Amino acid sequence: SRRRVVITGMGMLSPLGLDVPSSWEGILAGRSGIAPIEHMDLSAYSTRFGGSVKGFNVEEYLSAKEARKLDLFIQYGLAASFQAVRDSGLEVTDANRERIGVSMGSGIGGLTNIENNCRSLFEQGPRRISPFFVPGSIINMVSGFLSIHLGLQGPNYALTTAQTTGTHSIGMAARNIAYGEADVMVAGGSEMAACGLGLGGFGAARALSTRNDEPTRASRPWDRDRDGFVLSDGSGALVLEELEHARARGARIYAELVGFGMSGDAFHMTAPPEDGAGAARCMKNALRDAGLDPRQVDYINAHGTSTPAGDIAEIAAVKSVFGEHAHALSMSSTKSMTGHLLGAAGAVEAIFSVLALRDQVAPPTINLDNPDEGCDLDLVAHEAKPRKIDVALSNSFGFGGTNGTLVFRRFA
């Protein structure tokens, strides 16, 4: 029936680093990747900081010429994907290229490119719109360009489920493998929404922290003084592989992907229900998918965005799903350090969950100085905590009330 799926390669760009090891080093050290934004003038904006990718060199991956045609979200997605494939040791050949697919998504996609082309249109006229505008801006072009560059001929698609994108991308890619549509998938997400429209759009909704004087303290999930999320950029990609395929080529296996859950809240467009009912159904779906007792869960990488309503909803959802075991597991939000990578959040957080398994350590929730009312679980405040972790869960919730949960397990 259903085939087993393992993780054999990972890649990342984040506010903490230009690859996985550097990012993870920052995570375990409790380092913030958040700083005043330097690439544009935000004097007129209520939020002037976020998580930028620092010192990205696209020329390690693509020619300058090729890169100029592509929005940053595509460049970031390609970088993460190339890293992951290299990390996997996979060799693409005529014998396997039809069995290797890609599903790299984004929540917002090419907003910066669209903005720049809109500026050209309004100020100069339609003949200043780039000939590469459409292919350089649409969300499926990470999958498109990766497939072209590596020669991948398997299932080729992209999800866009807002802040849940990365999680859904990885889960659905795993389903393709489990049900025999592919043997390998490169999956994850990328995001670069740090332009006027992005900061201004989230600003207009009053969704962002406005702690401009102390950006590194802004993202503080479950803390009583939290005041909205921190906008961040980057990408995560995983090479998912059928177990026997991985074993046959002597691949290094990080972990097994054992469970995937989805649900819809059917509640509100931008706010979760206070009781976290949809998130609870999603996690339960994922645990039953994995054939697990909830007591087997050791670590949860929370969605944990540093919003008042969101953070408390997750606590409620975890208490509902896990009962008294909610007090035995460890749960943390790495968004405390990275900020919120939107569509890429689930991808980078899947990577962190896998590394939590590899290194047997719960990443910290930094800035958790004063836990809010009811936020009385082990939230790994301040410092990384070495502990036994056999099963790790990663949650993402997004606009439209779209939920995703991934369950990873140590592989023996």
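Here the rigid core means the biggest group of C-alpha atoms that line up within 1.5 Å when the two forms are laid on top of each other. Residue numbers run from 1 along the displayed sequence.
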item	value
122 to 130 against 207 to 215 - segment lying farther from this form in 4 other deposited structures of this protein (CA RMS, rigid core fit)	122 to 130
Mean temperature factor over C-alpha atoms, higher-scoring stretch between 30 to 38 and 350 to 358	30 to 38
Average Cα temperature factor in the PDB entry - higher stretch of 376 to 384, 341 to 349	376 to 384
Options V230, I170, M283, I108 - largest CA temperature factor per the record	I108
Residue, from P221, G278, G144, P135, that the PDB entry assigns the highest Cα B-factor	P135
Assigned third (lowest, middle, highest) for the C-alpha B factor of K335	lowest
Chain third (lowest, middle, highest) by recorded CA B-factor, residue given as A251	highest
Cα B factor band for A178 (lowest, middle or highest third within the chain)	middle
For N301, the third of its chain into which the C-alpha B factor falls	middle
CA B-factor ranking of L238, expressed as a third of its chain	middle
